[PDB]
There are 8 protein chains.
Amino acid sequence: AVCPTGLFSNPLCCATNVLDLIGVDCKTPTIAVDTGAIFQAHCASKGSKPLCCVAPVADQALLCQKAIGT
Amino acid sequence: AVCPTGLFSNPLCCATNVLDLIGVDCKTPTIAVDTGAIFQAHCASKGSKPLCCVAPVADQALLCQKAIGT
Amino acid sequence: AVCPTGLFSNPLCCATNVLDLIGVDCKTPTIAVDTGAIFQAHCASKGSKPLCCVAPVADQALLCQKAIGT
Amino acid sequence: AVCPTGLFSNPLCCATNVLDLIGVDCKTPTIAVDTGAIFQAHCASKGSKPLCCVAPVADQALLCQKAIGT
Amino acid sequence: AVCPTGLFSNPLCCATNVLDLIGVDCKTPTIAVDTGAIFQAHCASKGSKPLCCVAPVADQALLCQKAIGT
Amino acid sequence: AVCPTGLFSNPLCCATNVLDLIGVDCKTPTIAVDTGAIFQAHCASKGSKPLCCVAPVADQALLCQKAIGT
Amino acid sequence: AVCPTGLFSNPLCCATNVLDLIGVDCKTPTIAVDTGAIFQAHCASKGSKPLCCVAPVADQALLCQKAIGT
Amino acid sequence: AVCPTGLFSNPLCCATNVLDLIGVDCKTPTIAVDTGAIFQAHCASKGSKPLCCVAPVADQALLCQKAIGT
Ligand SMILES: CCCCCCCCCCCCOS(=O)(=O)O
Ligand SMILES: CCCCCCCCCCCCOS(=O)(=O)O
Ligand SMILES: CCCCCCCCCCCCOS(=O)(=O)O
Ligand SMILES: CCCCCCCCCCCCOS(=O)(=O)O
């Protein structure tokens with residue numbers, strides 16, 4: 001789990017987190033993201049940041065929080 | 001130049017370009033970028049996008065134009 | 001042409017046009033849209049409105065104007 | 001009911017739900033919607049989405065929750 | 001006329017004009033307003049301001065210009 | 001008390017309540033507002049609505065909720 | 001003239017200029033501001049920046065541009 | 001401490017606090033601020049306000065709480 005279960009449970013690669021609450025330009029991982037390094041690097045390659053969001057869907061601003069450690 | 005002159009004449013690396021207008025999460029280039037390949041190459045080294053923005057200052061959101069050549 | 005050439009030249013089906021300038025939740029037609037009726041009905045079926053936008057890309061808010069007649 | 005009770009207890013048809021929070025371009029239901037199939041059926045007849053919102057008023061954006069059953 | 005012609009050529013009563021640009025909480029005039037005294041007189045009968053806006057539709061925020069004569 | 005004690009405790013006359021949370025164009029009562037009618041009418045005369053806000057200060061958007069009954 | 005005549009002609013001391021277009025928390029000079037230094041220092045004392053705005057009125061966000069030199 | 005602990009536990013100097021929530025145009029303190037008089041004294045030396053914010057990072061707007069003691 002790179003994201004907690006529950007609310008912010010859906011890991012997405014997003015350009016930025018506005019106000020640390022709004023994940024903007026989010027698109028879902030293309031590989032399997034089972035650790036924080038995997039998640040992070042997979043996003044920093046896409047020119048995205050690793051976020052955990054309230055829905056698994058991609059493009060459309062939505063609530064997110066950053067992945068821990070990162 | 002990798003930016004026009006006149007209004008949008010400052011290269012900055014930004015996370016995204018909201019509405020294609022507003023540059024968010026930008027940084028001043030740290031190297032000298034004089035081609036479009038080098039610009040987005042220096043920005044990708046940040047997960048950033050090459051933009052052309054109304055000012056040299058990177059703190060506080062800005063009016064930005066997507067870089068040409070990228 | 002359901003959209004003018006030039007700036008607002010890219011026909012998209014979008015949930016709404018904020019301030020008559022910002023097309024929100026936009027996704028591109030799935031069929032061929034060669035008249036205003038075709039364009040319109042194709043969008044009203046997707047629960048979208050027909051807009052003409054400054055880019056052919058889908059999800060990400062962007063500048064748009066409504067299609068004429070509609 | 002097709003909405004909870006408490007806070008988000010008003011069915012309204014809206015174009016979209018910005019951030020999953022803000023209902024935009026909403027209308028008061030014109031028919032009586034007492035199942036979730038009927039609700040989004042009455043909304044789709046507008047290109048709208050069934051939402052559950054903090055008030056009965058449809059003019060001015062609102063805090064809204066996606067309908068359950070839709 | 002109590003509005004110009006061209007762009008801002010629709011009188012509407014609105015609660016305020018955000019940034020002097022965005023008309024918020026507007027209503028269609030219910031009476032015929034053909035002087036500037038009568039316009040803000042018909043709007044004040046709502047706690048509203050007389051504005052001149054880009055469209056006749058009052059649902060959804062709008063680009064508006066403060067009325068002249070008021 | 002036209003406003004609850006605590007958070008939304010400061011009665012202001014405001015042009016509108018954005019998203020039912022943000023009181024915009026707020027200016028403080030010029031008379032004494034000791035009942036809901038007094039509060040309300042005093043605002044509807046100023047072309048404002050009666051709101052209860054998180055601070056007694058006037059011009060600057062701030063969190064508010066509508067006065068009860070009104 | 002610390003501000004041009006015409007559009008951005010009204011000198012105000014404002015907390016910040018959002019997107020270099022929106023003067024936020026603006027209040028008018030308390031002394032006479034006849035040069036750029038006078039204007040600037042008078043604002044930097046109020047914890048404001050010197051801006052030139054489209055109206056002489058204080059509190060309410062409005063279009064502004066920074067004073068030259070500063 | 002000049003900030004609480006828990007959520008809003010980072011002192012930053014910011015131009016304003018939009019809605020009393022969003023800290024805009026902030027900077028990291030450059031000196032050590034351990035009283036409330038010293039904090040707004042170090043911020044006023046910038047035309048800034050002492051705020052207590054959810055993170056140590058000052059680039060990109062933030063959730064902030066007005067400083068207590070100021
Ligand atoms: C209006 C549509 C924008 C896309 C068209 C191409 C750029 C136009 C630049 C406008 C002038 C400002 O540009 S600048 O060259 O002065 O920096
Ligand atoms: C906080 C996460 C939101 C998704 C969880 C499910 C809805 C929670 C409703 C919160 C209370 C308000 O709802 S209501 O039942 O009172 O109308
Ligand atoms: C740009 C500054 C605005 C204030 C100046 C006076 C109004 C200018 C109207 C611009 C054209 C649109 O107006 S309209 O007459 O076509 O409706
Ligand atoms: C909700 C109203 C806000 C004003 C009341 C006083 C501050 C409340 C802090 C909420 C918890 C977060 O604060 S913190 O101590 O954890 O940083």
Side-chain angles (χ1 to χ4, degrees), chain B residues 54-62, chain F residues 55 57-62, chain G residues 2-3 8 10-53 56-70, chain H residues 2-3 8 10-53 56-70:
Chain B
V54 303
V57 294
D59 55 66
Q60 267 206 336
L62 246 199
Chain F
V57 300
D59 287 291
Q60 196 90 2
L62 79 183
Chain G
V2 287
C3 297
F8 297 110
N10 293 302
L12 282 170
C13 302
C14 310
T16 196
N17 204 19
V18 164
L19 309 199
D20 306 304
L21 286 168
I22 295 158
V24 152
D25 190 18
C26 296
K27 66 156 170 285
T28 110
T30 47
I31 71 185
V33 298
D34 300 334
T35 85
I38 294 165
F39 190 16
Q40 180 180 344
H42 173 33
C43 287
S45 97
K46 274 172 171 184
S48 294
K49 282 161 164 179
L51 299 182
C52 297
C53 302
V57 300
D59 287 291
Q60 196 90 2
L62 79 183
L63 291 302
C64 305
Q65 296 244 253
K66 59 182 307 165
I68 81 106
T70 88
Chain H
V2 298
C3 279
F8 303 109
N10 276 118
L12 294 167
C13 297
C14 308
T16 206
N17 210 24
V18 169
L19 282 184
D20 293 297
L21 288 171
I22 315 178
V24 172
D25 195 13
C26 296
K27 305 202 186 322
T28 33
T30 43
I31 80 173
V33 285
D34 10 62
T35 80
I38 297 180
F39 188 16
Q40 72 163 354
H42 168 75
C43 287
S45 93
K46 265 97 80 62
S48 283
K49 288 167 176 51
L51 302 186
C52 289
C53 311
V57 294
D59 55 66
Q60 267 206 336
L62 246 199
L63 294 50
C64 290
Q65 194 184 230
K66 28 162 76 161
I68 180 194
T70 95

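Sequence lines set the chain letters: A, B, ... in the order given, protein chains first and strands last, and positions in each chain run from 1. Keep in mind that the numbers below use all heavy atoms, side chains included, and drop hydrogens, waters and symmetry copies.
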Inter- and intrachain pairs under side-chain hydrogen bond (donor to acceptor under 3.5 Å, both in side chains), touching residues 34-44 of chain H, at least two apart:
H:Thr30-H:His42

side-chain hydrogen bond (donor to acceptor under 3.5 Å, both in side chains) pairs touching residues 61-70 of chain G, sequence neighbours excluded, are none

On a heavy-atom basis, which atom in [X] and which in [Y] lie closest, and how many Å separate them?
| X | Y | result |
| --- | --- | --- |
| G:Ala15 | H:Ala15 | O-CB, 3.3 Å |
| G:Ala58 | G:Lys27 | CB-CA, 3.7 Å |
| H:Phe39 | H:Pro11 | CZ-CB, 3.5 Å |
| H:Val2 | H:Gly36 | CG1-N, 3.9 Å |

Partners of [X] by side chain to side chain contact (heavy atoms under 4.5 Å, CB included), sequence neighbours excluded?
| X | value |
| --- | --- |
| H:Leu21 | F:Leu63, H:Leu19 |
| B:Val57 | B:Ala55 |
| G:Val24 | G:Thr16, G:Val18, G:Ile22, G:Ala61, H:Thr16 |
| G:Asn10 | G:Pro56 |

Evaluate the pair H:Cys3, H:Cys52 and indicate whether the two SG atoms are within a distance below 2.5 Å.
yes

When you take the SG atom of each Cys, H:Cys26 and H:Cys53, is the space between them under 2.5 Å?
no

Say you draw a straight line from CG of G:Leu51 to CG of G:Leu12; how long is it, rounded to the nearest 0.5 Å?
7.5 Å

Between the CG atom in H:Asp25 and the CD atom in B:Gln60, the distance rounded to the nearest 0.5 Å is 4.0 Å

Who passes side chain to side chain donor-acceptor pair (under 3.5 Å) against H:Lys49, sequence neighbours left out?
none

Sidechain-backbone polar pair: G:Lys46 side chain, G:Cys14 backbone, donor-acceptor under 3.5 Å
no

